[PDB]
Amino acid sequence: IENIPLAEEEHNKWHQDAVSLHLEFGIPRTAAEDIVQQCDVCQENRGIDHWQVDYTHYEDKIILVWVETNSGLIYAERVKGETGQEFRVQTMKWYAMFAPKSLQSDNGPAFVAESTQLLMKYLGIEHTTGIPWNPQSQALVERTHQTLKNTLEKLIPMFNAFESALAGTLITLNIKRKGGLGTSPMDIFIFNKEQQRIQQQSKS
Amino acid sequence: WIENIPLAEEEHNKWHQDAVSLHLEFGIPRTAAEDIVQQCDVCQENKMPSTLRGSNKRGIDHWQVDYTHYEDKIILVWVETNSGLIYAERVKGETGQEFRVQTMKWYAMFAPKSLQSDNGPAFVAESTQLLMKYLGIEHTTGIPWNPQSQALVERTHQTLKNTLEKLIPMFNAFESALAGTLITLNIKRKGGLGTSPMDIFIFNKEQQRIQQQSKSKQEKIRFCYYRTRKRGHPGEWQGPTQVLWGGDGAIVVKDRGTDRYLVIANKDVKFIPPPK
Amino acid sequence: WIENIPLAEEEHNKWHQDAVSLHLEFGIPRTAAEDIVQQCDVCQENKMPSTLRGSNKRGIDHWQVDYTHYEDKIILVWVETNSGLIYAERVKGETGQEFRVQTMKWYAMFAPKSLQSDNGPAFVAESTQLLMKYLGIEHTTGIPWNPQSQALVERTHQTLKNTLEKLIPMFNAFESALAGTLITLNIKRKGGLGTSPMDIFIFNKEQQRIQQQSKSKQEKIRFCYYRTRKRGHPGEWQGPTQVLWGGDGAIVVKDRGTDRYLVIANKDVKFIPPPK
Amino acid sequence: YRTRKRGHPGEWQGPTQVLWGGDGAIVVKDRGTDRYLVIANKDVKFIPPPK
DNA sequence: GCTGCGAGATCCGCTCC
DNA sequence: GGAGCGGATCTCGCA
DNA sequence: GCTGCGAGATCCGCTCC
DNA sequence: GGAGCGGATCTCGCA
Ligand SMILES: [Ca+2]
Ligand SMILES: [Ca+2]
Ligand SMILES: [Zn+2]
Ligand SMILES: [Zn+2]
Ligand SMILES: [Zn+2]
């Protein structure tokens, strides 16, 4: 209970981000978002289960890439072409495999349509389309693209199918790679999901 | 007793009666009648096959994979034994390369430890076994012509087809219907105590971390003396054993001779003095 | 409560969840979730058929008749429901005349009162129904394409074939083997408490004599007053009734309005004064 | 947990809290007989604690 | 205006010698 | 404590 | 050198208002 | 005494 006033005071003194406050005080995510929105300095100028969707060209190969902002979890697939139907199928599969809550993307033909917007409202996920303003998503997705193409170039000759190489790159960049206190970019996502589940169960 | 035993034997030879009938007729013991009837070669030859049944592995990181057909569509289904989470994908055929791609994608999505499957053109081959050894997954093959071996995936076939029948009109694309039935069978199930299978899988994966177990390297070590107990007859103390876990009223001892875990009550357990 | 009911309804429309899932998610009552899920037309259309099963007539003079094949041989089997006695005969074909001869021979051997059979070229026809009316036997025909209706004769088919497999080498004639298996399944069975099915049939036939019941024509006659008992709420006295049998702590009353036998405890039973 | 009775598996008894879990088997407290029972990993399921 | 069935194996829990 | 023993329980295959 | 399974209906016996 | 409710029980069909 006192964690909410403590977080409010600390944000007034330092103006940190919501994820750090949630991790270090255990305050509800809604309270952290309310505190963030209530800061005029931050408003006038890294969320859990926040995703970014992008396309990638690889010497005529079309790759759809999904990047989680909080955790370096990358989901890559092969798409025949930029089409609304294919994007809707891919995004429904993506929602089938994970439990997202928000999405961010650029302004595109298949991205912006009445059918896909209706489908995403049907799923119940917040969508934000426009030019990014936080100078972190662009750099993060650029690093994701660079690492993904580097690993794909490295691992292509070992396997036969291109999808096989893509799966191998996903294995390398999601499980085998480690950082911090010996943690993987996939174990962090599981820990965050478990924390969200236990908080939701405790609250309601 | 002994005198009428040949009479009962010849009567059963002539008519092939039952043991209960012989016992009730000639007064012979039930054991004697059972021995007589079980020794009949004719009865043994025409006896019905034994009915004993077992159960599946039901491991934590254990997965069962199978193919199925649905209106000129081929679906590959993976079923997790512990949580019950399922993963289905539409596959053009049943070639080895397609199965290899699908299984390594399945490994990429989450890390398993064992797989159970039946005989098949793609399940067992040269390249697929090499791939599974490369990934490091234990593979077990069931008895041929025993579809009951992979019971879990067979039941999930019903649970998937029945639910997928509902969502076909909603979506024009078959893959969309598959994703929707995955939603309604994985996240929106919330069966039992109120936890979806995905929640169980997430919890099991979270608690599987070994760094938590490696956090503490200091723990008290004690040794114990125990003896066996056969038919209530006490035995003899069998060496010193390291205590595995100490509770109240009982203890657990790992027998090296049988290499098995046993539980011993405090009345048959004694403790060596600690070092001083 | 009421506010989230449309939310649960639309969620079930979108995903077709289960009632338990809706109750655990939105907190709606289990009854409300059951009503919502049962009102879904899609769920009703694809729901699995109901599983309720019954039992056979199991009458005293009730017989079930059926045909069977055994290595280019046709066997007609009659099974008595109560005792379990069986009677099998080799028949050249399945014509109506052969069945009529066999069934009237079966009537000649012992007198039944009812028969149960399925649809067939000879079981149902014009001449056979006339013959059964001539003999005075109630005939019942089971539901078509429901072989489970005549379960008793179907099980006796197994019990006959399995035993007949043993006695084929002993006798060169097939009819001899049939007679031997009739011996070993009727007289030499002696199953259960130690009474063969033929003994049960003989006892039931012996006690069926009506002259014993007609020996005594004098008996005390009494009348009684009783009332119904619904949910523990007493009703009103419903006319005078003739006592059927008087025991201790209870009595039996035949309700004419429902035409059924009921048991009433002494606390709800009173007796009219006897005539004086 | 579940046990083998008369050569066939029994019903899924539980839920219950595990006491000690090692390699191969875990030890659990039974309510029917108030006795400790050791059961291998091939006939168990793992569930997070309820509310 | 009606319907599933049991024979043949296997142990537990029992009490009695 | 050894001992047999009555009975609940299991599957499968008649159509 | 290993294996049957559960989803979807229906009542009883229960206790609580 | 009305009331809902948790749980034991049933069949059938995946191969
Ligand atoms: Ca038949
Ligand atoms: Ca199969
Ligand atoms: Zn701020
Ligand atoms: Zn014999
Ligand atoms: Zn519905």
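Cut-offs used in this document
Residues numbered from 1 in each chain as written, not as in the entry; some residues may be left out. Chains lettered and ligands numbered in written order. Part of a larger assembly, values for the part shown. Heavy atoms only, no water. Helix = DSSP H or I, 4+ residues; strand = E, 2+ residues; numbered from the N terminus. Buried < 20%, exposed > 50% of the residue type's maximum accessible area, 1.4 Å probe, protein only. Areas by Shrake-Rupley, 256 points an atom, 1.4 Å probe, with all protein chains shown as cover. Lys, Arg positive; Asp, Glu negative; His and termini not counted. Charge placed at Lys NZ, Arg CZ, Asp CG, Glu CD. Rg over C-alpha atoms; globule rule 2.2 N^0.38 Å. Contact = heavy atoms within 4.5 Å. Near = heavy atom within 4 Å. Polar contact = N/O pair within 3.5 Å; in protein donor to acceptor, adjacent residues only side chain to side chain. Nonpolar A, V, L, I, M, F, W, Y, C, P; charged D, E, K, R; others polar. UniProt positions renumbered as here; feature names shortened; annotations may be inferred. Donors = N, O, S within 2.8 Å, 3.2 Å for Na, K, Ca; no water. Tetrahedral: all angles 85-135°; square planar, octahedral: opposite > 155°, others 65-115°. Expected span 1.5 Å × (residues − 1). Buried area = accessible area lost by both parts, 1.4 Å probe. Salt bridge = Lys/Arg side-chain N within 4 Å of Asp/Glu carboxyl O. Pairing = 2+ DSSP bridges. Axes fitted to C-alpha atoms, helices over the stretch in contact; angles between N-to-C directions.

Participant: Mind laying out the overall build of chain A, listing which residues take part and the relevant values?
Facilitator: Looking only at helices and strands, chain A has nine helices and five strands in total. Helices (α) and strands (β) of chain A occur, in sequence order from the N terminus, as α-α-α-α-β-β-β-α-β-α-β-α-α-α. By principal-axis analysis of the C-alpha atoms, chain A measures approximately 60 × 45 × 35 Å. Here chain A holds 204 residues, and the buried ones make up 47% of them. Total accessible area computed for chain A in this model is approximately 11400 Å², and 54% of it derives from carbon and sulfur atoms. For chain A, the distance from the average site of its 19 positive side-chain charges to the average site of its 26 negative ones is 8 Å.

Participant: So what's going on with the overall build of chain B? Residues and values would help.
Facilitator: Within chain B, the secondary structure is distributed over ten helices and ten strands. Here chain B has a C-alpha radius of gyration of 29 Å; the compact-globule value for 276 residues is 19 Å, and the former is much larger. Along the first, second and third principal axes, the C-alpha set of chain B runs to 85 × 75 × 45 Å. Here chain B, with 276 residues, has 43% of them falling under the buried criterion. Relative to all contacts within chain B whose residues are 6 or more apart in sequence, the contacts with residues 24 or more apart total 47%. Between the mean site of the 35 positive side-chain charges and the mean site of the 32 negative ones, chain B shows a separation of 14 Å.

Participant: So what's going on with the protein's contact with DNA strand E? Which residues, and what values?
Facilitator: Looking at DNA strand E, there are 19 residues lining it, with C:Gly54, C:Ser55, C:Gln148, C:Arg155 and D:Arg6 nearest. Contact distances for DNA strand E include 3.2 Å between a phosphate oxygen and a backbone N or O atom of C:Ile143. C:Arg189 is positioned with one of its side-chain polar atoms (N or O) 3.4 Å from a phosphate oxygen of DNA strand E. Its residues assigned to classes, the surface near DNA strand E shows three nonpolar, nine polar and seven charged.

Participant: I'd like a rundown of the UniProt feature "DNA-binding region" in chain B, residues and numbers included.
Facilitator: Taken from the UniProt record, the annotation "DNA-binding region" applies to residues 222-274 of chain B. The annotated region residues 222-274 of chain B carries 0% helix and 62% strand content, and the separation between its end C-alpha atoms amounts to 7 Å.

Participant: Lay out unusual backbone geometry with the relevant residues and their values.
Facilitator: Look at the link from D:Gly14 to D:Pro15: it is a cis peptide, with omega at 0°. Along the polypeptide, D:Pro15 turns up in the loop between β2 (8-9) and β3 (18-21). Not every positive phi belongs to a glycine, and B:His16 is a case in point at roughly 55°. By secondary structure assignment, the location of B:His16 is in the loop between α1 (5-15) and α2 (19-26). With relative accessibility at 7%, the residue B:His16 sits in the buried group.

Participant: How would you explain the coordination of the zinc ion (ligand 5) if you had to name every residue and give the values?
Facilitator: All names here are of chain C. Here the zinc ion (ligand 5) is held by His12 (NE2), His16 (ND1), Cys40 (SG) and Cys43 (SG), and the distances to it run 2.0 to 2.3 Å. Viewed at the metal, the four donor atoms of the zinc ion (ligand 5) are separated by angles of 84 to 139°, and the geometry they form is irregular. Binding-site remark: the zinc ion (ligand 5) is held by donors from one chain whose sequence spacing is H-x3-H-x23-C-x2-C. Pair noted here: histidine 12 is in helix α1 (residues 5-15) and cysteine 43 is in helix α4 (residues 41-45), with a separation of 31 residues, a long-range link.

Participant: Just give me the short version of helix α7 (residues 151-167) of chain C, but keep the residues and values in it.
Facilitator: In this model, α7(C) (17 residues) spans 25 Å end to end at C-alpha, consistent with the 24 Å of a helix rising 1.5 Å per residue. Regarding α7(C), the residues found buried are C:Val153, C:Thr156, C:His157, C:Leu160, C:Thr163, C:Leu164, C:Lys166 and C:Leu167. Contacts from the buried residues of α7(C) go to α4 (41-45) of chain B together with β1 (62-69), β2 (74-80), β3 (86-90) and α8 (174-186) of chain C.

Participant: Residues and numbers for the protein's contact with DNA strand G, please.
Facilitator: All names here are of chain B. Near DNA strand G there are 21 residues, and of these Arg53, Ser55, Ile143, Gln148 and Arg155 occur at the shortest range. A distance of 3.0 Å is found between a phosphate oxygen of DNA strand G and a backbone nitrogen or oxygen belonging to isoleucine 143. Measuring from a sugar or linking oxygen of DNA strand G, one finds a side-chain N or O atom of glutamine 148 at 3.1 Å. Broken down by class, the residue content of the surface near DNA strand G amounts to three nonpolar, ten polar and eight charged.

Participant: Tell me about the coordination of the zinc ion (ligand 4), and please be specific about residues and values.
Facilitator: Binding of the zinc ion (ligand 4) to the protein goes through B:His12 (NE2), B:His16 (ND1), B:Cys40 (SG) and B:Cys43 (SG), at separations of 2.0 to 2.3 Å. All donors to the zinc ion (ligand 4) come from one chain, and their sequence spacing reads H-x3-H-x23-C-x2-C.

Participant: Explain the interface of chain B and chain A to me, using residue names and the numbers behind them.
Facilitator: Taken together, the contacts link 30 residues of chain B with 24 residues of chain A. Together, the buried faces of chain B and chain A total about 2600 Å²; carbon and sulfur atoms form 75% of this surface. Among the residues of chain B in contact with chain A, B:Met104, B:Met109 and B:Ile202 are the three that bury the most area, contributing 21% of the side total. The interface formed by chain B and chain A holds two salt bridges in total. The tally of links from chain B across to chain A stands at one residue pair in polar contact. Residue assignment for the side of chain B that touches chain A shows that the elements contributing at least two residues are β3 (86-90), α5 (96-109), α6 (126-135), α8 (174-186) and α9 (197-207) of chain B. Per-class residue counts for the side of chain B that touches chain A are 20 nonpolar, three polar and seven charged.

Participant: Break down the environment of B:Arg53 for me, with residues and values.
Facilitator: For B:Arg53, the location among the structural elements is in the loop between α4 and β1 (62-69). Note on B:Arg53: relative accessible area 46%, which makes it partly exposed. C-alpha of B:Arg53 to C-alpha of B:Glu219: the two residues are 166 residues apart in sequence and 43 Å apart in space. Dropping the residues within four chain positions of it, B:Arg53 is found in contact with B:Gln148, D:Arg4, D:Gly7, D:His8 and D:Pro9.

Participant: Lay out the sheet that holds strand β10 (residues 269-271) of chain B in plain terms, naming residues and giving numbers.
Facilitator: All names here are of chain B. Strand order in the open sheet formed by three strands is β7-β6-β10, with antiparallel pairing between adjacent strands. Each having just a single partner strand, β7 (233-242) and β10 make up the two edges of the open sheet. Neighbour-to-neighbour, the strand axes of this sheet turn through a mean angle of 20°, independent of strand direction. Both strand β6 (residues 223-230) and β10 contribute to a ladder of three bridges, which runs antiparallel. Considered in β10, the bridge of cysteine 224 is made with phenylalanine 271.

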